[PDB]
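K.L.:
The data below comprise the sequence and an experimental structure of the protein.
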Amino acid sequence: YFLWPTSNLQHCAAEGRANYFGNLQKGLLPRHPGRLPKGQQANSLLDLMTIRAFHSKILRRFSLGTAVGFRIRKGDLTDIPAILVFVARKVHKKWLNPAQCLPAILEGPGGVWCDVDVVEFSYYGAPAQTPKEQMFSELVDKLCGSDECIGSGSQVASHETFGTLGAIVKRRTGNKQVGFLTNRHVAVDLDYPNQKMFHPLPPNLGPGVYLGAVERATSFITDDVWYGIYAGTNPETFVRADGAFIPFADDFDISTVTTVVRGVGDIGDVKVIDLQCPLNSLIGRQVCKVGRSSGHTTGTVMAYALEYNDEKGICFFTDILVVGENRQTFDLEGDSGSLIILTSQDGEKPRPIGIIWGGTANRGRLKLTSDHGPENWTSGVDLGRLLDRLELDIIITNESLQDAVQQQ
Amino acid sequence: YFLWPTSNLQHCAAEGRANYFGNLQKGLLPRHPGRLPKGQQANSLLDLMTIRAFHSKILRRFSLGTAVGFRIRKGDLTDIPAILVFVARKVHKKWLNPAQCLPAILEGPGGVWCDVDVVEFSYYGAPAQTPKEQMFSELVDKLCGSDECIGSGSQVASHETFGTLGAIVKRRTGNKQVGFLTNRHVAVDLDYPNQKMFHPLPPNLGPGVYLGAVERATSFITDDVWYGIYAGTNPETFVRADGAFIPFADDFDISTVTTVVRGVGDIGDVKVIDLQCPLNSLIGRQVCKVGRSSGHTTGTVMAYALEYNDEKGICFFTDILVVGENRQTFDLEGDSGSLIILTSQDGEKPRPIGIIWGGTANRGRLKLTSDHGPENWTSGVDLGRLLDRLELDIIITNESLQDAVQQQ
Amino acid sequence: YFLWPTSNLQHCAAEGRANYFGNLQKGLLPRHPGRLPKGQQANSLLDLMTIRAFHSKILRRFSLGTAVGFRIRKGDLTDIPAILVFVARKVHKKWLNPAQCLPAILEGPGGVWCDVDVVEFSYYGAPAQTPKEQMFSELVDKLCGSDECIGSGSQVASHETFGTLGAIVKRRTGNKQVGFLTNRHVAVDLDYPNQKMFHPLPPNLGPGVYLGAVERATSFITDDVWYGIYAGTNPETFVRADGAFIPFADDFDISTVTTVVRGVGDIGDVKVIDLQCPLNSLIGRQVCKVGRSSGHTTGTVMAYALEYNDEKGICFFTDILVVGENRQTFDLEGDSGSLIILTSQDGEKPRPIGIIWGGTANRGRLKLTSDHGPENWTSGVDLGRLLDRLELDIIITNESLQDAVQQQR
Amino acid sequence: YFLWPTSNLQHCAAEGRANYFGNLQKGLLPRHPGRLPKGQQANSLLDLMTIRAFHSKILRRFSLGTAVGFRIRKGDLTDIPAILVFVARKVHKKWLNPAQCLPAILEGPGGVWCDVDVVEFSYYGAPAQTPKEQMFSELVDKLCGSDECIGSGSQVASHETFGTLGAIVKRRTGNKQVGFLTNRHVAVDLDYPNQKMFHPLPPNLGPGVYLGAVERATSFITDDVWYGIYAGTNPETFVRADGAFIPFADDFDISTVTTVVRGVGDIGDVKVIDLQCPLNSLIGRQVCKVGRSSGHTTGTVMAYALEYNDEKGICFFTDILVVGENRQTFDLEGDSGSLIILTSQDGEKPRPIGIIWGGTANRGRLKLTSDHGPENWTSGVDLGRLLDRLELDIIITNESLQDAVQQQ
Ligand SMILES: Nc1ncnc2c1ncn2[C@@H]1O[C@H](COP(=O)(O)OP(=O)(O)OP(=O)(O)O)[C@@H](O)[C@H]1O
Ligand SMILES: Nc1ncnc2c1ncn2[C@@H]1O[C@H](COP(=O)(O)OP(=O)(O)OP(=O)(O)O)[C@@H](O)[C@H]1O
Ligand SMILES: Nc1ncnc2c1ncn2[C@@H]1O[C@H](COP(=O)(O)OP(=O)(O)OP(=O)(O)O)[C@@H](O)[C@H]1O
Ligand SMILES: Nc1ncnc2c1ncn2[C@@H]1O[C@H](COP(=O)(O)OP(=O)(O)OP(=O)(O)O)[C@@H](O)[C@H]1O
Ligand SMILES: [Mg+2]
Ligand SMILES: [Mg+2]
Ligand SMILES: [Mg+2]
Ligand SMILES: [Mg+2]
Ligand SMILES: [Mg+2]
Ligand SMILES: [N+]
């Protein structure tokens, strides 16, 4: 059976959204000489997303998507909170018509103001789901079945597509069995009754071991349940929370599963993305990931809450937007599901924050410097939130690995 | 959010299937010395599937699919219970390997025997979800948006696909709302939260009106639940029962909905396919369906319980197999969701028995006559068993239609 | 281990061809521009072929190809010996510059003359390896595997190609082994070391029985060896005599082979094509063939010795040209190797004359009638000559087939 | 007028093949001493092939190809005699069921034994007729018409395909004709009655001079005739000995022919590949070639007698296997027919051992190192055995070119 709400998304959820922005458009103090009293400057992700949600009506016009974060000036990433507006071709102010040129400052409910930054930006197509790696290193070999262990970054293959093993997780409800976590597009086939996963390839392709089958997956969680707020005025707003849980099979040796992210080391617990924390603790932070296509790479969290409006009137959100450092691409086709791990803040081990999303528009390009060409951007989703909606707890040590084995 | 059996539901259901056959296996009880003790001749559908499921190993050995029905000797259909074994190309025994030659009589549990027929038979692919080929008539004209009412046969369209409305159904339990029934592949999309239906076209493709959204759908149901017995030795056995229920929108005029099959007339309640009934009460019966692609097309039921072992070790079952009578096709691409109705024979109401299926093993060909080329066949889903899973009831009179809409 | 003749064999043959055609010109004493005696009109295929070979200079210049036969006038065959000239698009005289145009009569060596008929012509692409056979009748079903026996018309398949069993034959010399004849393109693959035949499909494509492997075949024969005469001025002229002989394996049930042409009946021995015989005894004759692809069709022998000069100065000849009757096609793709058989006209048994060639770039369209579209033509290899160069003998009665098995060494 | 062996001769050869291995199986008496002795280890390439031909049943199980040579541990060639088994993907031993896993040692008849090395392998498919993506150097320009002479490496071309001249060879008997040697696919073609050669292009493609026409070619030689022993259990074994001899035209200016392999220098006579000599005489020896597409390239002989069984059932053998140096490619598409030469070790003249084979699977890919991508390999036929079967003799000095041209 499949189910969708009957009267939930009509005149119970839309009127709650129509109530949220109803008040807003009465109690407004224009205050637009361009002085902007600095005590109402955005401080966290929640402030930036609330201003964008209010002014989303004038943001959709002549723009193919928006996001929140810091303003990018001359390629470099500043530490000024701004709303990133993505345009197809960024031209000089003189060649724009007045009704197209975006403002530099936007003020929202309660005088909360922020900057507006235009960024040349484009989307990629869907991956073809059996990609080429093109990274030749001793790590990719280990990741693609040449290693004697299965861990974060190892290639996981369904009957038609393969990706990467994000993390080793265990359930919370009842039997709380132990498995691994990846995104929905790697381990789920709607037109197929079961979803058997293999390492490194399924039997019809080559040699491999049977890892198990998907027990639960999510595709679409609304914005009010994902973030907890109304991220946009569109009543059909969804957050692409693609993730699939595959518990290790009964006739499968779990002792061949390591918890160390090969190429990174021992990692810490999941770091929740708190929408009220200062933006600099997530925006601009140096992250890394270990998948198979691209081995071990490192990048930068450029923006959050990437909003895209598809052909019809449905708003789709994606949580994380990472851009690789040193002009290197952060990921490649086939790194879907990889663990997004923020580099270790001084002492404590690195903590993961997301998994690489693998949907149609999971990758793309955007130009930062005029001296170089466009650079690839990689999209991710909130790990702390996905683990909440999948009832999964991450495993971080090999000793905790043996404890859940005798816990089912 | 989607769920799957944890594993244990499979582990403690696989044994029951093996335990079912192993029991009759140990005491083989041949009871067949070459000549078959008569009377043991299969009598109904259940008898035939029990012989095929017991001999599933040796039948799928050199076969692309099997189905139960009557033997087809020299093109015409007989009244002899047989297991139709589909081969890629039927040739003379003199050029056949002694091991690849299928037998004529197969023993069964307790001595229930039957014949074995060989049919040259092939498959097609997918209808690519927007078919352009169609018939031309005033009926099809009305069904594709020219009619002044919505009913069985009108064109339903998701955001990407074309289809045909099967029947105006009302839910049994719960809200007891009234909507329509069609194929799952017509109504449901994996990578989309909403499943909106329209007539005759979506707002992005052309003009139309909003009918509603899918409230429930079924994709795969196990054989022992769908039929009532283990129909094979493969522990991964499923039935392609793809149906979707779309309740009419709250702001929709039910007055423009009719419970009459345009081109067929007034119909009765659904004829439940009884596995204990004599074979000729469904096999050989002349049926008819009205969709959009082909319109009103009369056919004849040829086989039941079409088995299909894919290249990945999974068994699939499609219930009804229809071949267009008098050297014509029974349906075209886009008729997915039409009502398979039994033609009135002595004055009773034409009772519907199935709905046109959609997918990959959908519309292939088979050779019956020598003087003609291959003839198209069509897959179908058991309407009686589909309604007993979605918990729906078909409406037959416009006066009963208003009683259902007032009980919501 | 293949071999090719030496440059001496070429220059010896080369000058030999130059000498023959040269002495024709050296005494010509060209004639008056008036009447020609009826007694000197072309009478045989050899007359038409000699006149065409003499004027090969002015014929290949503005033509796709040429052939010998009767003049097609207003879409019908006449009794006028003529040299068919094939053009891509036949237009009125007013739109051709006189150098492009063609004369009505050609006068060959020795006062022998004939007509010149212009025909609109076109070639097709390559045969489809695995073609479509949309005939759908009981004869085709039996020819493709549903028959208890195997004979002329049965589908013979290599590991990647479908074909048609031409005739049950036996070798004249050697060990007198019994086999079957077919087209070379159907049964011969050169990038592979053996040519195994199967009826109806090879193991990698479906059920079937292993008939045997190709024991010998011929691709090209020179015109002076095939026709016996010099048919063209080009010293690089060859006849596409594509045939393959496949003797049944050491352990194959020959009792399942019949020498009956299903749909035609009992046939007689091969009707040899005599180049010095009258033209009407092969040109215009009604013929038939039983081919897997198209079943049993009937046609008309429209021309003979079809010439075609490719882009590298090589001249190629195909023997028979057949067009189906009643605006119908005579063959489809996959009928390659089917036995072209003269229909009985006065009680005699139907005797074959050729096999359908079916390869590289055979088959195409032919503009006969203006109110209709272009009709399909089909090429063929002279059966009488193909057996002479393959040293084969056609078996025509199942009684001769029984004894021919015992006469093997 | 082609001719093939009478099926009487085929059955006789198959019986002798079963009698050869039937003798090796009747005696046997393995009595393996556990780890086995060290003087019973193979030394010659004749002993390596007989171990593979004996164990060809178990080797074919899950191997696309096999080849004798040295064991490649960790990415490079060791001095251990081993039979290289080729797989599609080298996965760890833990992800392989014991039926598919390969043993490390194999003992054959007489107590001889050698190792087994697994190599990741793939075939490049059929190359191009008129190939592109070739090098640019003054050496390449001379080989493609810009030089005033023609010799080894010069561009020879039929009317459809390109290639290179292997060696200036003359017939041992007959008219003692003088010509050149090249690959069979480069020169000959089925659907023509004449194979005329040109340099650098045929008249239809561009400028060039008529060199000659193919007088003889051998398509396939059986392994018992080529090697002198049965190299496989399958009764259909053939060696891809594809060579052709093209004697110069009677009018061609033979003074423009040079016996100097431009790039290598003055070469010596053919180095017959002794099968009963220690493996280090061929395996590991550095080789070189002068082409056109690729020019002067060096390489390393990696294996011998590369066995490839297709899905139809035929076994095919290729003599020489060479990969490129410095992780480069040994040749490009278009180098078919160029003479492979053993580089001088002791300052002696270079000895040609093989010629580049130009059939469908003439090139391919294989992985050696984990930190780098897969390298390209090239096929070749035994030159000494090719000249023996074609009844030809290589000319190594321009003085012998005049002594050979006068004897005609
Ligand atoms: N709708 C639009 N479409 C295209 N270009 C636009 C649009 N609105 C503004 N721009 C361009 O973008 C400029 C503002 O870009 P942005 O806000 O990113 O500037 P910045 O961060 O101060 O500097 P930098 O461009 O170096 O990052 C405008 O001056 C104009 O040239
Ligand atoms: N695996 C197979 N693949 C292909 N053909 C087969 C196979 N097994 C049997 N056959 C062929 O099919 C025949 C059986 O046909 P079938 O059981 O349908 O007979 P029928 O119904 O009496 O007659 P008909 O097929 O003429 O309607 C066998 O005699 C043989 O020629
Ligand atoms: N080189 C040429 N290319 C195209 N058309 C030509 C050429 N030479 C002649 N023709 C045309 O073909 C005509 C000759 O027709 P043809 O030889 O078929 O005679 P016919 O049999 O009496 O007539 P038809 O068959 O056309 O009724 C010329 O009158 C001229 O119009
Ligand atoms: N059928 C197979 N398919 C893929 N890999 C296999 C197969 N059988 C064995 N292997 C792999 O090959 C390994 C054996 O090593 P191999 O034969 O390559 O020797 P080696 O050259 O000394 O080793 P290395 O690969 O470290 O250089 C096994 O440990 C296993 O990982
Ligand atoms: Mg900027
Ligand atoms: Mg039958
Ligand atoms: Mg004419
Ligand atoms: Mg005409
Ligand atoms: Mg190795
Ligand atoms: N032998």
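P.N.:
Structure's in. What do you need? Residues are numbered from 1 along each chain as shown, chains lettered A, B, ... in the order given. Ligands and ions are numbered 1, 2, ... in the order given.
K.L.:
Return the residues of the stretch 201-350 of chain A in contact with chain B.
P.N.:
Residues of the stretch 201-350 of chain A lying close to chain B by CB under 8 Å from any CB of the partner chain are A:202, A:204, A:212-220, A:236, A:238, A:247, A:249-250, A:311-312, A:314. Quick note: C-beta positions are derived from backbone N, CA and C, even for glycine.
K.L.:
where exactly do the helices run in the stretch 1-150 of chain A?
P.N.:
A:14-24, A:45-54, A:56-59, A:138-141 (DSSP state H, counting those that start in this stretch).
K.L.:
Repeat that for the stretch 151-300 of chain A.
P.N.:
Counting by DSSP H, counting those that start in this stretch, the helices of the stretch 151-300 of chain A are A:184-187, A:223-226.
K.L.:
who wins for proximity to ligand 2 among those helices?
P.N.:
Taking CB to the nearest ligand atom, helix A:184-187 is the member of those nearest to ligand 2, at 37.5 Å.
K.L.:
From the residues of the stretch 201-350 of chain A next to chain B, list just the buried residues.
P.N.:
Buried residues within those, counting neighbours by 16 or more other CB atoms under 10 Å in any protein chain shown: A:202, A:212-220, A:236, A:238, A:247, A:249, A:314.
K.L.:
which ones among those residues are found in strands?
P.N.:
In this view, these that belong to strands under DSSP state E are A:212, A:213, A:216, A:217, A:218, A:219, A:220, A:238, A:247.
K.L.:
Would you mind listing what in chain A touches ligand 1?
P.N.:
With CB under 6 Å from any ligand atom as the criterion, chain A comes near ligand 1 at residues A:62, A:71-74, A:87, A:90-93, A:96, A:100-102, A:117-118.
K.L.:
Residues in contact with stretch A:25-44: which ones?
P.N.:
A:48, A:51, A:81, A:105, A:107, A:109-114, A:274-279 (CB atoms under 8 Å, 6 or more residues apart in numbering or on different chains).
K.L.:
ok, now with 10 Å
P.N.:
A:47-51, A:54, A:68, A:80-83, A:103-115, A:274-279, A:281-282 (CB atoms under 10 Å, 6 or more residues apart in numbering or on different chains).
K.L.:
wait, isn't residue A:281 in contact with residue A:274?
P.N.:
Yes. At 8.3 Å, residue A:281 counts as touching residue A:274 under the criterion of CB atoms under 10 Å.
K.L.:
Which residue comes closest to residue A:230 once chain neighbours are left out?
P.N.:
Spatially, and ignoring its direct neighbours in sequence, residue A:230 is nearest to residue A:20 (4.8 Å; CB to CB, 6 or more residues apart in numbering or on different chains).
K.L.:
so what's that neighbour up against?
P.N.:
Counting by CB under 10 Å, 6+ apart, residue A:20 has contacts A:50, A:53, A:54, A:109, A:224, A:229, A:230, A:233.
K.L.:
Now do the third one: how many residues are near it, please.
P.N.:
I take that to be residue A:54. A count of nearby residues for residue A:54, using other CB atoms under 10 Å in any protein chain shown, gives 22.
K.L.:
Report the buried members of the contacts of stretch A:25-44.
P.N.:
Buried among the contacts of stretch A:25-44 by 16+ other CB under 10 Å: A:47-51, A:54, A:68, A:80-83, A:106-109, A:112-115, A:275, A:279, A:282.
K.L.:
Turn the helices of the stretch 151-300 of chain A into CSV, columns for distance to residue D:266 and mean neighbour count.
P.N.:
Listed next are these as CSV, based on distance: least, CB to CB, whole Å; neighbours: other CB atoms under 10 Å in any protein chain shown:
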stretch, distance to residue D:266, mean neighbour count
helix A:184-187, 61, 28
helix A:223-226, 78, 19
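K.L.:
Pretty sure residue A:338 sits against residue A:378.
P.N.:
Yes. Under the criterion of CB under 10 Å, residue A:338 makes contact with residue A:378 at 9.1 Å.
K.L.:
which of those two has more neighbours?
P.N.:
Taking neighbours as other CB under 10 Å, residue A:338 and residue A:378 compare with residue A:338 leading, 35 against 28.
K.L.:
wait, what's in contact with that one?
P.N.:
Here residue A:338 is in contact with A:152-153, A:163-167, A:182-183, A:261, A:288-294, A:296-297, A:330-331, A:352, A:354-356, A:358, A:378, A:380 (CB under 10 Å, 6+ apart).
K.L.:
make it 7 Å
P.N.:
A:153, A:164, A:166, A:289, A:290, A:291, A:331, A:355, A:356 (CB atoms under 7 Å, 6 or more residues apart in numbering or on different chains).
K.L.:
Also residue A:248?
P.N.:
So residue A:248 contacts A:178, A:179, A:211, A:212, A:254 (CB under 7 Å, 6+ apart).
K.L.:
could you redo the last one with a cut-off of 10 Å?
P.N.:
Contacts of residue A:248 (CB under 10 Å, 6+ apart): A:150, A:168, A:170, A:177-180, A:197, A:210-212, A:254, A:256-257, A:405, B:7.
K.L.:
filter those residues to the buried ones?
P.N.:
A:150, A:168, A:170, A:177-180, A:197, A:210-212, A:256-257, B:7.
K.L.:
Most widely separated two among the residues you listed?
P.N.:
A:170 and A:210 (19.4 Å; CB to CB).
K.L.:
Nearest residue to the closest residue to ligand 10 within chain A in space, please, no chain neighbours.
P.N.:
Relative to ligand 10, the nearest point of chain A is residue A:207 (37.4 Å; CB to the nearest ligand atom). Sequence neighbours aside, residue D:91 is the residue nearest to residue A:207 in space, at 4.7 Å (criterion: CB to CB, 6+ apart).
K.L.:
if I read this right, the one you found contacts residue A:201, doesn't it?
P.N.:
Yes. Residue D:91 is within contact range of residue A:201, at 8.1 Å (criterion: CB under 10 Å).
K.L.:
Mutual contacts of these two, please.
P.N.:
A:144, A:145, A:207, A:208, A:209.
K.L.:
Could you check which residue of chain A lies nearest ligand 9?
P.N.:
residue A:146 (11.8 Å; CB to the ion).
K.L.:
circling back to that earlier point, can you list which of the contacts of residue A:338 are found in strands?
P.N.:
Short answer: those in strands (DSSP E) are A:164, A:289, A:290, A:355, A:356.
K.L.:
Show me which residues of the stretch 201-350 of chain A are close to chain D?
P.N.:
A:201, A:205, A:206, A:207, A:208, A:209, A:210, A:253, A:256 (CB under 10 Å from any CB of the partner chain).
K.L.:
My guess is the last one contacts residue A:199. True?
P.N.:
This means residue A:256. Yes. Assessed by CB under 10 Å, residue A:256 is found in contact with residue A:199 at 9.4 Å.
K.L.:
Between the two, which contacts overlap?
P.N.:
By the contact definition CB under 10 Å, 6+ apart, residue A:256 and residue A:199 are jointly contacted by A:150, A:209, D:92, D:94, D:95.
K.L.:
what about burial for those residues, which qualify?
P.N.:
Looks like the shared contacts of residue A:256 and residue A:199 have A:150, A:209, D:92, D:95 buried, using 16+ other CB under 10 Å.
K.L.:
from the residues of chain A next to ligand 1, which single one is nearest ligand 4?
P.N.:
residue A:72 (46.7 Å).
K.L.:
and that closest one, how many residues sit next to it?
P.N.:
Residue A:72 has 19 nearby residues by other CB under 10 Å.
K.L.:
how about the strands in the stretch 101-250 of chain A?
P.N.:
A:105-107, A:113-123, A:155-157, A:162-164, A:167-171, A:178-182, A:196-200, A:208-213, A:216-222, A:237-247 (DSSP state E, counting those that start in this stretch).
K.L.:
Which strands and helices lie in contact with the third one?
P.N.:
By that I understand strand A:155-157. strand A:162-164, helix A:184-187, strand A:196-200, strand A:208-213 (3 or more CB pairs under 10 Å, 6 or more residues apart in numbering or on different chains; DSSP states H and E).
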